[PDB]
Structures are given as C-alpha cells and as structure tokens.
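2 protein chains.
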Amino acid sequence: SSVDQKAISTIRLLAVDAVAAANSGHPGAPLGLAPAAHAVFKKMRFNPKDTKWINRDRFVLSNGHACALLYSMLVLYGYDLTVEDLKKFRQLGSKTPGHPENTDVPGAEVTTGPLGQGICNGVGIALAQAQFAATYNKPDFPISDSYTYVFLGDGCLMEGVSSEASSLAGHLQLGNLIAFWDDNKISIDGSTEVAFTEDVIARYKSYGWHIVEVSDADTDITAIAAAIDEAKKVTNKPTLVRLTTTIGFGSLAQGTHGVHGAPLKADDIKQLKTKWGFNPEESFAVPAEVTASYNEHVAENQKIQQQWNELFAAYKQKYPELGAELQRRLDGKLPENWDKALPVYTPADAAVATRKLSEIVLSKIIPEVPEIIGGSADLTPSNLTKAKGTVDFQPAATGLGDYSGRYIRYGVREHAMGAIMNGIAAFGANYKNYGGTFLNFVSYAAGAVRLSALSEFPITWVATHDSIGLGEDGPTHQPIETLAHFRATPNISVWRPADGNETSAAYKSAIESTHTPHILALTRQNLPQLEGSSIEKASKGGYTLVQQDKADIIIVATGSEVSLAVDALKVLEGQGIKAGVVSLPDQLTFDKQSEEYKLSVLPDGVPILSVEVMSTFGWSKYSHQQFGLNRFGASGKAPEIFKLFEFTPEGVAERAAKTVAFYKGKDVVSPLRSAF
Amino acid sequence: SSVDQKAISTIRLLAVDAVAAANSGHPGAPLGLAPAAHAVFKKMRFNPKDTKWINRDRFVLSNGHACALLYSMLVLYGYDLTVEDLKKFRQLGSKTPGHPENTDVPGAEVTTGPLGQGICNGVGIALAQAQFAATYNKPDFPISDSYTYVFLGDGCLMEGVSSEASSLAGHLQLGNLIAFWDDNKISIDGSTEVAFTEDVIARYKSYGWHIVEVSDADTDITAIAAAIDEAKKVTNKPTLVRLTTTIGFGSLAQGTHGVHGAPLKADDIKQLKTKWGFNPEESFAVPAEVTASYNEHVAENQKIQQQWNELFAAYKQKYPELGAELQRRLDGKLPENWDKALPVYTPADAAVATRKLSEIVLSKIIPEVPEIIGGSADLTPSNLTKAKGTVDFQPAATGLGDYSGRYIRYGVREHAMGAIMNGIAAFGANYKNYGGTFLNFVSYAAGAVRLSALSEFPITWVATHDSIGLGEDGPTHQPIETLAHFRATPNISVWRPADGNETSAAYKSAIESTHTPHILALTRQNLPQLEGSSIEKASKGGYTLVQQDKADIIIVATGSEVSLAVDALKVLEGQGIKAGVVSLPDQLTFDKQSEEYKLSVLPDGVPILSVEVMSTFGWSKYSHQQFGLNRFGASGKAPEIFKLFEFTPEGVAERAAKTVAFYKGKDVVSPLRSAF
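This is the structure:
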C-alpha cells in the first residue's frame with residue numbers, strides 16, 4: 002500500500018489491460034518484471050521530454066515480446082506515449098506495436114523482439130559510451146558517465162548471438178553494462194527443464210561478468226535497487242542480475258507457459274485488480290499518486306540534465322576544440338568538407354583490389370572524422386586492421402589498447418558484431434561504425450542486419466572476398482545468393498564498387514548515411530581503374546560509364562564485372578556490335594534517383610544485358626537478359642574459375658550477341674518501365 | 002623414431018607439402034593437430050573401402066581450414082584419395098578442395114570450414130546415433146555403438162552456433178560425443194588475448210560436459226589416447242578434450258599467427274624434414290612402415306565390420322520385423338506406398354491454415370515412417386509439437402522422454418537446430434529430419450541452411466507464420482526477403498503450399514528427397530481448399546490451377562495468394578477480362594520439369610502477373626509484371642494489413658487490368674524464354 006507498491010500494480014495492470022484490449026500479446030513477463038522495471042527506472046536518469054540527451058542512462062528490453070511493460074513505463078513517465086496509445090496496442094498504425102521499434106516508439110532505443118538482439122545492442126550502447134567518455138571526459142568534466150540497463154529472458158540466453166556478445170563484453174570489461182535475467186523457468190515449449198538446464202550463472206562467471214542474485218524479485222525491490230548499487234561499484238565487469246520471478250505473477254495461471262504469450266481470462270483480470278486494490282470494473286487506471294511519484298523523479302532528472310547542459314557549456318570554454326567537435330556531433334553533422342579526404346583515382350593509376358582501396362579510404366578518413374569507429378570479426382588483420390595512428394578499443398588494464406581506441410577486435414563473432422554495431426549507432430553522437438568480415442559470412446549475422454534496416458541505423462559492413470574471385474577457399478566461402486538476399490531486404494544499400502573512384506563514392510554514401518545501413522562488397526583480386534568513373538557519377542548509384550549513341554546493346558554490371566564488360570565491348574566491336582556500359586555500384590541509391598535520370602542510364606529502345614558473378618535475382622529490374630552465377634562455386638585459382646563459368650570477355654560477348662539476335666524485330670522498352 | 006612418431010611426422014609433412022604445392026592454405030593447425038589426429042584415428046573404427054558402414058565411428062573437422070590434415074589421414078589410411086590428389090590441393094576440379102566437402106571428398110562426413118558448423122554437425126551425428134541405437138539395439142545385439150569425434154579450434158568456440166549446440170548436447174547427455182579443442186592461443190587477428198579471454202573450460206562445465214586436459218598435446222599421444230578412454234567411461238556427458246598445442250609445431254614460425262593461414266617458407270620446410278629424419282629434397286613422402294602400421298589398423302577394423310555384418314544377419318533372424326526395417330533404411334528406401342498416408346482434400350472441405358495442415362501430415366506419416374524425427378526451436382508447442390503416440394527425444398534420466406523418442410526440443414537455438422539437422426542427415430540410415438520455427442527466423446540459421454544445400458542433405462524446415470498474415474507480432478517477425486534469399490541459393494526447394502493437397506505434395510517432396518533441403522513456408526491464417534488442386538499436379542512444382550483458353554492474362558501465385566488470385570479472377574470477369582491462374586508451390590521443382598511442361602503452364606502470347614506478399618525478386622523468371630511487397634510490414638490484425646497493401650481481390654484485379662493494358666499492341670512471349 003506504499004506508493005511503490007501501487008506503482009508496481011499500476012504497471013502490471015496497464016500491461017494486462019493493453020494485452021486484453023488487443024486480444025493479442027504477452028502478459029506473463031510484464032507481470033513478472035514490473036517490480037524490476039519500477040526499481041530500474043527509479044535509478045535511471047532520463048528526460049521524457051528529451052529522448053536524445055546524450056548522457057541519459059539507456060534501457061533495452063531484449064525480451065521484446067514483453068513490450069506492454071516498456072510501453073506502460075513510458076506512459077507513466079510522460080514520454081510522448083499515452084494511455085490512448087496503450088489502448089491501441091498491436092493495432093494497425095499505432096505507436097504501440099507488438100514488438101518495440103525505435104523508429105515508431107519514443108523511448109525505444111533499439112528494435113527488439115527477435116531473441117538475443119537487445120542484449121547485444123546493449124553491449125554496443127555500453128561500448129560506445131566507454132569510447133565516447135574516453136574521448137571527451139576531462140578532470141571535473143564527466144561529460145559521459147551513463148549506464149546501460151538491459152532486461153532479457155531465457156530465450157535471449159539460449160540464442161548464440163547473446164553468448165558471443167557476452168563473451169566479448171566480459172573481455173572488454175564493460176562495467177557500465179547491467180543486465181537483468183528474468184529467471185522464471187518458463188519458455189514457449191514449457192519448463193526450461195526440457196531444453197535449458199545449463200548453469201547460466203557459472204557460464205556468465207566464465208565470461209568475466211559479475212553476478213548478483215535476487216531470490217524474490219516478485220516483491221523485493223529493495224534488493225533489486227541494492228543489486229544496481231552493487232553493480233555500479235564493479236567498474237571493470239559487466240553485471241548480470243538474476244531476478245527469480247514468477248511468470249504472470251498474480252494471475253490464476255502464474256507460473257505456466259500459458260501466460261507467456263496469450264491474453265489472460267477476464268475473470269483472472271478481475272481477481273488481479275481486487276487483490277491489488279484496483280476496481281475490477283475499470284481498465285487502464287493510473288492512480289494520481291503514482292503519477293506524482295513518477296513526476297518527482299522526472300523533475301529531478303530534468304534538473305540533472307539542466308546541470309549537464311551547464312557542464313557542457315563550461316567544457317566548451319575550457320576545451321574549445323573538443324567542445325566544438327562534441328557540439329558538431331550532437332548536431333548530427335560531419336566535419337565540414339570531410340569528403341575532400343576521399344581518395345581520387347585516374348585511369349592511369351594501377352589496378353587495386355577494392356578491399357585494399359577500402360583500407361586506403363579508411364586510413365584517410367578515420368584521422369579526420371572522429372566519430373568513425375569499427376572493427377572486424379572472422380578476418381585476418383592482413384585483410385582489415387586499424388588505421389595507422391590509432392589503437393585498438395580495449396580496457397587499458399589489458400595493455401592491448403584503450404577505451405579511446407578506434408578499432409574493435411570482435412573475434413569470430415559476426416552476428417554479435419552486427420548487433421553491437423546497431424547498439425553503437427543507437428548510442429548516437431553521430432557514430433558512423435563499421436564491421437569487417439567476408440561477404441559470405443555476413444549471412445551469419447542476417448538477424449542483426451535485417452534489424453539495421455528496420456531500425457534505420459547507418460552501420461556499414463566492410464564485406465571483402467565478394468565472389469569466386471577469392472579463389473582457393475572454395476564454395477563454402479564464395480557468395481552466390483548473398484547480394485540478392487540483402488538487396489531484397491528493404492532499406493539496405495549494397496555497394497559493389499568497381500574501382501577506386503567507386504569505392505570512395507561507396508564510403509561517401511556509407512558515412513553520410515543517417516537512416517540506411519550499408520554493405521560494401523569488396524574484392525580480393527585486383528581491378529583496373531576505369532575510364533569514365535568518378536565519385537560524382539558513382540554517387541548516383543548507377544551511371545553511364547561508356548555512352549554509345551548507336552548502341553545495339555547496353556551491358557550493365559557491378560564490381561569486378563564492369564571491367565569485364567568494358568573488355569567485352571572490344572570483342573563485340575570486332576563482331577560488328579556496338580555496346581554501351583552502365584556501372585551500377587548501388588541499386589538502392591540508383592532506384593532513389595529521378596525517373597528521368599534513371600531512364601538516361603537505362604533507356605528505351607535497346608536490349609540490356611546484366612553481368613554479375615552472382616545470383617541473377619533482382620537483375621530484371623535493370624536488364625532484359627541476365628548473365629550470372631546461379632550455382633555454387635569451386636576451389637581453385639580465381640582466374641580459372643572465371644574461365645570455367647565463361648565470365649570472360651568472349652563469354653560475355655557471346656551472350657551479348659545472342660541478346661541482340663533475340664531482340665531482332667522486337668520492340669524493346671526500358672526494364673524500368675512497368676504496368677503499375 | 003617409433004612408427005607412431007614417424008607416422009606423425011609423415012602426416013605433418015604431407016600437409017605442409019600439400020599447402021606448398023598449392024601455394025595456398027593453412028599449415029599451422031595441421032602441424033599442431035597431427036599427434037591428436039594420429040591418436041584419434043587409431044582409436045576409431047572405420048573402413049576406408051566402405052565409407053557408409055552404419056556402425057563406423059565418425060570424425061568431423063570443424064576447423065575445416067585445417068583440411069590438409071584430414072586429407073593426409075584419408076590418404077594414409079587408403080580411402081579413395083591418393084598422394085596425387087594431395088598434390089592437387091586447392092586446384093580447380095580436385096578431390097582436395099580448400100575446405101572439405103562431403104559431396105566431393107571420400108571420408109568427409111559433412112562440409113565444414115564456416116566456423117562453428119562442424120561441432121554442431123557432430124552433435125547431430127551423435128543425437129542420431131543415440132536415437133538409432135535406442136530404436137534398434139537389443140540384448141546381445143549392439144547394432145549401433147559408435148562414437149563421434151570432433152576437432153575444433155578457437156574460432157568455432159567463439160561462434161554462437163557452437164554455444165547453442167554445446168548447451169543442448171550437455172542437456173541431452175550425449176556421452177558418445179568426444180570433442181577436442183585445439184588450444185593453441187592463436188587466431189587470425191593474433192593472440193586470443195585480444196578478443197577471447199573467457200574461461201572455456203568453466204563454460205563447458207556449465208553446460209554439463211566432462212573435461213579432460215592434455216597439457217602437452219604436441220607430443221603426448223599416450224595422454225590423448227587415455228583421454229579418449231576416459232571420455233568413453235563417462236556415458237552421460239559429452240566430453241571436451243583440451244589439447245594444448247603449438248600452432249605450426251616444428252616450424253621456425255611456430256606459435257605465430259603467420260603460420261595459421263599461409264604456406265611456409267621453403268627453408269622452413271627443409272629444416273622440418275631434417276629435424277624429423279626425412280629427406281629435405283623430397284616431397285609427399287610416405288614411409289612404408291607407416292603404411293604398414295595404418296594397414297594393420299584397417300585390417301582389424303574390417304574384421305570388426307565383418308563381425309558386425311554377421312551380427313546384423315543374426316539380428317534379422319531374432320527380430321524379423323526390426324531387421325527388415327533396418328535393412329530397408331540402410332538401402333535408402335522409404336516404406337512401400339508410405340505416401341498413401343498423406344492426407345487428401347477436396348474443395349468441399351473446410352479452410353485450414355497450412356501450419357495446421359502440416360501438423361496433420363506429420364501426425365499421419367510419423368507413425369508410418371520410423372526414420373522421420375524432428376523438432377522445433379523458438380516456437381510455441383501450440384504451433385508445433387510431437388505427433389500423438391510419440392515421446393520427446395531426451396535422456397531417460399531426465400524423466401522427460403527417452404532416446405527412442407522422435408521429437409527434439411531444440412530450445413531457442415535456430416542456427417544450431419539447422420546445423421544439428423545436417424548432422425542427423427549425415428548420420429545416414431535414411432533419416433528424414435525436420436525443424437520448426439517462424440519463417441523469419443530461419444534467417445538466424447542461414448549459415449547452416451546454405452550448407453544443407455551445398456552438402457546435398459534432405460533436411461526440412463517447417464517454417465510457419467510466413468508473411469504479414471501472422472498479424473500482430475509485426476514487422477520484426479514478418480518475412481519480406483526470406484523466400485528470395487533461399488530461392489536464390491542453389492539447391493533449395495522452397496515450398497509455399499496454398500492448401501491441403503499442396504501441403505501433402507510438399508511433404509511428399511521433402512520426405513522423398515535424398516539430395517535437396519526443403520523449406521516449407523506455412524501460414525498462421527486459414528486458407529480455403531482450392532478447386533483444381535491435387536497432390537499429383539502440385540508435385541510438378543507449378544501447375545495450371547484454372548485453365549482459360551482465351552486468357553487475357555495469367556496470374557501466377559503461391560501460398561495464401563493463390564486463393565486471392567482466384568477471387569481476383571471473379572472481379573476481372575466483371576470487368577470483361579478473362580484470367581487463368583497458375584499455382585507455383587515450389588519454383589525449384591517447377592524449374593526441373595521439362596521445357597514443354599513448363600511452357601504448358603506459362604505459355605507464349607499472354608501477359609503473366611505474379612502475386613506473392615513478399616519480395617518480387619526472382620519472380621521475373623515466371624512473369625512479366627510482379628505484384629509483391631518490397632517494404633517491411635506492420636503490427637495489426639492480418640486482414641487489415643492485407644487491405645493496407647492492397648493485397649485484395651480488387652487490388653490484384655486493378656494491377657491485372659493495368660497489365661493487360663500495358664501489353665495491348667505488344668507481342669508477348671513466355672517469361673521462360675531467354676536469349677541464352
């Protein structure tokens with residue numbers, strides 16, 4: 002009957018009533034986690050009227066199905082979300098979707114639901130905070146000192162991505178990360194005794210985490226608060242707080258799988274209300290005393306932010322250059338004319354692999370753009386390493402780097418790298434972060450990559466060894482389907498640059514991005530600098546590389562196949578066939594250009610053949626006929642594989658000539674035309 | 002100077018010489034693991050002349066980059082692989098590809114290289130062996146008693162998929178699994194101190210594994226053999242053997258990252274040979290005493306198999322029905338007329354979700370086809386559970402099932418489920434195994450799914466909640482790109498059945514498969530039984546559902562959109578437009594039909610519109626215009642989402658009418674035609 006007890010009941014009943022109104026959703030974990038949510042939010046510093054305050058504590062609901070709990074907290078604290086929005090939980094168009102989405106929900110830092118992701122995002126938020134604090138904090142100027150609080154359940158703990166991120170977070174000694182395990186022994190298939198009998202706590206100790214156990218988290222908010230205080234004293238380890246809860250606490254069906262993922266019965270909701278002092282005839286009740294208590298915490302937090310703003314002003318006087326840099330980043334702006342550092346090439350320059358061109362770009366732009374950080378997973382240092390003049394991101398205690406470092410050694414952890422990148426982006430402060438691996442193993446991280454797209458985060462995959470061009474490692478390593486997969490995903494820019502100028506354009510796009518993740522598909526093998534390429538033209542996503550006013554055919558290609566198309570043009574000239582060449586380094590960027598620009602590249606009245614040593618899926622958007630590779634690769638020297646599959650100037654020319662013949666006597670309109 | 006020492010040197014030098022000849026590949030782990038490989042193969046029962054003996058011990062090289070080691074063992078033991086093949090390591094077309102492929106390499110049980118996969122495959126081989134032994138063994142008849150030996154490295158231990166599978170294997174008490182960790186402290190990025198500082202042994206204890214540590218695995222083959230003996234005594238836990246080795250042992254560059262993944266220097270190879278008593282002027286040496294020693298072990302193993310064959314004959318007399326069943330399975334044949342159990346529907350039957358139709362199929366065929374086993378990950382029992390009359394696969398000690406059980410509780414572990422399914426298939430004995438999850442989270446397992454395709458394993462994903470039709474869970478759960486991704490992967494049948502008869506055809510294909518993995522995309526929502534569907538027609542992958550001799554347009558659709566197309570046909574009739582309908586439940590199966598059959602479905606001379614509430618990628622193979630969904634979904638009641646995106650009879654009809662108008666006055670040929 003304290004206000005804290007009333008607040009916990011209010012949270013529980015808002016969540017239950019929201020699920021009831023939707024007749025869909027998950028009441029069990031909200032009921033079990035309401036005490037912990039109340040306790041954690043009371044310890045957190047945040048401003049519901051300024052969701053982007055850079056020194057806020059962050060909260061992540063990794064068990065995203067429990068989002069009726071999150072929405073209830075946001076409503077009670079006066080974020081831009083109301084009881085009327087709760088009544089529209091899981092309803093088309095509402096601000097309260099069935100899993101939380103950062104683009105739609107004020108106070109949702111990331112998009113969660115797919116299990117395992119949110120805890121990894123929390124690792125990334127905490128990594129970014131440590132890097133940010135190391136970059137900007139000074140004596141008497143704690144510009145950044147915030148914590149990252151994550152709730153997770155048994156499902157997240159079973160997903161391998163969370164093991165990857167938890168191993169890495171322990172290695173990185175991320176002491177401002179505090180995670181809470183909803184230890185309720187229930188999943189969809191019933192008891193965790195059926196498939197999840199490991200000693201979780203022993204595993205987390207093996208990663209180097211600190212542990213606090215709260216044996217009665219259904220009621221003991223004093224112990225939950227004390228666990229947070231204890232975690233804050235352990236500055237060199239992330240902490241896992243074991244919350245032993247009853248799923249669906251209070252329900253007639255508490256402690257059963259049936260309360261995990263379906264609405265409660267109406268009579269159950271009545272007895273919940275009566276046992277907690279609420280009116281069983283009323284739904285969506287918000288006692289004014291709860292509002293008052295929560296408002297007091299908001300007012301205190303707002304005074305903390307007000308004092309932070311004055312600290313920041315004083316910082317700008319004491320540290321003029323760092324202060325201006327920080328201000329620029331908080332305004333979301335890159336350094337003025339940063340792109341003048343991008344390398345430019347001419348056709349007289351030597352052939353270079355696009356993986357090496359990418360390394361060169363990074364080496365030039367990292368020193369000039371402090372908000373770029375990145376790393377690599379499952380990849381040789383010889384294929385990607387830190388830029389000269391920087392150091393790895395490591396706790397100084399290891400002697401292997403510092404938190405001010407800029408290069409992250411992710412280990413062999415592609416999926417966690419992907420989800421950590423999302424967390425770094427979510428931190429804010431204009432972070433433009435990247436992750437390197439082989440293109441074929443970006444697929445290991447598909448769960449996170451899709452969330453980069455849905456969350457609108459400007460992360461970048463540096464995805465080398467893009468094709469059969471890698472050679473001897475063979476078909477287990479050679480992408481076929483990978484670009485089609487990601488190009489088919491909404492909101493992914495998939496750059497496959499052909500040369501030096503196109504690689505600079507790809508990075509200009511990736512670093513300038515604010516809402517679109519990028520994948521840069523890069524070669525092992527050397528490619529020539531193209532006659533006709535430029536950053537300007539490649540920035541359009543697709544452009545006419547070789548214009549032929551009397552073209553019998555246009556060849557559209559990407560990456561390593563653009564030079565192949567140019568060589569095929571010469572073979573075709575000897576056969577009496579005049580070809581143009583289009584380079585299409587990013588289909589998404591091209592698609593966003595004006596219809597008239599696109600038609601100037603892919604006009605009516607001429608057959609168009611695509612060439613790319615990968616799946617032909619998607620290519621009919623831009624071509625009438627497609628020469629691709631729709632079978633797995635081979636283990637051998639790369640030039641021999643290209644010859645085997647007829648990706649040679651003569652093989653392209655043969656198919657171009659067949660395309661010209663196939664359209665003789667036919668009327669041909671641009672592939673860009675459509676009926677609707 | 003014992004023959005064992007000479008054998009170890011022979012293995013090391015064959016591997017080094019193979020890498021040298023290719024000027025590509027990985028000598029370090031072969032040098033470090035040769036003692037362990039020698040010791041393990043001496044304990045293994047196998048027949049190089051019968052790679053499919055069902056009671057063989059299995060070996061899996063999870064650290065597949067080390068395959069020069071595996072190939073050297075296979076050569077020395079007289080598998081169908083020779084020194085001449087070793088000389089062609091990593092050469093186009095050879096039997097010694099840069100990572101091992103089960104389709105190409107005799108004695109390679111699975112395709113490994115992508116890190117983490119092989120250990121999970123080993124879990125599946127061991128799971129299958131336990132299930133198989135529980136099904137067939139009788140007193141005095143140990144039909145199956147074999148072990149599964151896996152080598153792995155630090156990279157596999159960092160990949161989350163291995164954590165998932167190791168947690169599950171410990172839960173399942175898989176005592177015939179013996180894994181060996183190459184504890185050499187080196188990865189591509191240099192020391193494991195940079196990113197991999199967890200206490201691996203403590204983590205494996207937390208999963209319920211037994212541990213043996215071998216402190217000097219560079220030389221102590223007695224201790225490695227003893228570790229195997231110890232592991233065999235622990236019948237209720239999988240064992241991890243920690244092999245402390247020096248990467249590149251013997252090389253001038255031993256103990257450095259540089260020996261992990263590049264050929265040794267020629268002078269280094271000379272000093273290796275001299276220090277081990279070999280001729281530095283000679284490559285690919287095989288001392289006859291080594292051959293003799295290895296031949297003796299082969300001869301003993303062949304006598305063991307000979308006695309197993311007599312045991313099997315005696316088993317067929319003592320247990321006539323089980324013996325005939327086992328014989329049939331070892332012959333690779335399904336029960337005669339098993340498919341008569343497949344449910345058949347008529348248009349008078351009620352509407353049913355294809356997820357429920359799938360459950361019904363499984364309930365009918367599991368009792369009749371003993372080699373079907375399967376399970377689910379990250380999915381409610383209400384969405385998939387064991388078939389009535391069976392029990393879960395669990396160790397009997399838990400009280401929750403038995404090893405004779407047929408339904409696997411994978412937990413929230415999609416990626417490991419995928420790789421474990423590959424291992425179950427690899428075991429053999431005609432296992433036809435399946436794994437259920439939501440379609441959108443098959444993507445979490447992409448690494449393993451691609452390997453199912455490359456390995457030619459007949460595994461099946463039961464992938465429910467296939468689209469925006471799932472409704473309220475929202476865009477984090479609703480597939481868009483998923484079918485395009487897997488259809489773009491070579492050798493994946495992607496069935497999206499529209500009704501009861503098509504769902505039975507999908508299962509007929511999936512269960513009869515011997516070389517092609519299947520994904521069955523199934524609905525949450527109810528769909529009508531179609532006029533014109535049958536198992537016979539749907540078995541062709543694509544078929545004419547509604548024939549219209551005077552068609553102005555043909556609508557091609559899948560799954561939930563076939564009924565939509567049929568409803569649109571009626572709207573179009575009122576607009577004076579005559580449409581036909583094609584159902585395309587599996588594009589791969591359709592593609593494999595004769596050209597004349599395919600043209601009878603998609604003829605020349607008529608515009609064709611595709612309809613599928615997912616990406617339009619791929620659909621131009623079969624259509625002139627495509628109506629799909631190329632943006633993320635929404636959280637709301639499913640019918641409202643379909644209306645929002647105009648996937649309604651009127652919306653389809655509008656686009657069909659626009660398609661007819663767009664082709665007025667044009668000559669139209671089948672989308673199946675091409676220039677080359």
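Same order as they appear, the protein sequences are chains A and A'. A prime marks a further copy of an entry chain. Quick note on numbering: the first sequence equals residues 2 to 677 in the authors' numbering. Quick note on numbering: the second sequence equals residues 2 to 677 in the authors' numbering. Idealized CB from N, CA, C, for every residue including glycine.
In angstroms, rounded to a whole number, what distance separates the CA positions of residue i and residue j?
i	j	result
A:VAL106	A:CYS68	11 Å
A:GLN132	A:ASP146	11 Å
A':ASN185	A:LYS53	45 Å
A:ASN296	A:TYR78	7 Å
A':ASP5	A':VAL61	22 Å
A':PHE633	A':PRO480	8 Å
A:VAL260	A:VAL20	11 Å
A:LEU603	A:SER611	11 Å
A':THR590	A':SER514	11 Å
A:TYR664	A:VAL670	11 Å
A':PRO476	A':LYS644	16 Å
A:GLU102	A:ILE556	41 Å
A:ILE425	A':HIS172	35 Å
A':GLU290	A':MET74	15 Å
A:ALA314	A:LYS365	31 Å
A':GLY117	A:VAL563	35 Å
Write down the C-beta distance between residue i and residue j rounded to the nearest angstrom, noting that I regard them as a contact closer than 8 Å.
i	j	result
A':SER294	A':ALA37	The Cβ separation is near 17 Å, so there is no contact.
A:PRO396	A:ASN237	7 Å
A':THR104	A':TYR72	Not a contact, Cβ separation roughly 15 Å.
A':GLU613	A':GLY629	6 Å
A:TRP182	A:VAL201	7 Å
A:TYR623	A:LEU323	Wrong, their Cβ atoms sit about 47 Å apart, outside the cutoff.
A:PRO31	A:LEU70	4 Å
A':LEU484	A':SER616	7 Å
Per DSSP, what are the beta-bridge partners of residue i in this structure?
i	result
A':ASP184	A':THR245
A:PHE60	A:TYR150
A:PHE394	A:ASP403
A:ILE144	A:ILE144 pairs with nothing; no bridge assigned.
A:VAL572	The partner list for A:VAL572 (beta bridge, DSSP) is empty, contrary to what the question assumes.
A':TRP462	A':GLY436, A':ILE520
A':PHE677	According to DSSP, A':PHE677 bridges with nothing at all.
Touch check for the segment 374-394 of chain A' and the segment 407-427 of chain A': three-plus C-beta pairs under 8 Å? With three or more CB-CB distances shorter than 8 Å, the segment 374-394 of chain A' counts as touching the segment 407-427 of chain A'.
Given 8 Å as the limit, is there contact between the segment 34-50 of chain A and the segment 297-316 of chain A, that is, 3 or more CB pairs closer than that? Yes, they touch.
Inter-stretch contact (C-beta, 8 Å, three-pair minimum) for the segment 343-361 of chain A' and the segment 495-502 of chain A': yes
If contact is defined by three or more beta carbon pairs under 8 Å, each pair taking one atom from either stretch, is the segment 480-499 of chain A' in contact with the segment 511-527 of chain A'? yes
Can you find at least 3 beta carbon pairs, one from the segment 530-550 of chain A and one from the segment 449-459 of chain A, that sit closer than 8 Å? With a cut-off of 8 Å, the segment 449-459 of chain A and the segment 530-550 of chain A do not count as touching, because too few Cβ pairs lie within range.
Could you tell me whether the segment 153-168 of chain A touches the segment 105-123 of chain A, where touching means 3 or more Cβ pairs closer than 8 Å? yes
Start-end ranges of the beta strand (DSSP E) lying completely within the segment 219-275 of chain A, minimum 3 residues: 240-245
Any 3 or more C-beta pairs closer than 8 Å across the segment 526-533 of chain A' and the segment 569-580 of chain A': no
Quick test of the definition: if touching needs 3 or more C-beta pairs under 8 Å, does the segment 431-441 of chain A touch the segment 463-475 of chain A? yes
Enumerate, from N- to C-terminal direction, the unbroken beta strand (DSSP E) stretches of 3 or more residues contained entirely within the segment 400-433 of chain A'. 408-410
Using 8 Å as the cut-off, can you tell me whether the segment 210-229 of chain A' makes contact with the segment 239-248 of chain A', which would need three or more C-beta pairs spanning the two stretches below that distance? Yes, they touch.
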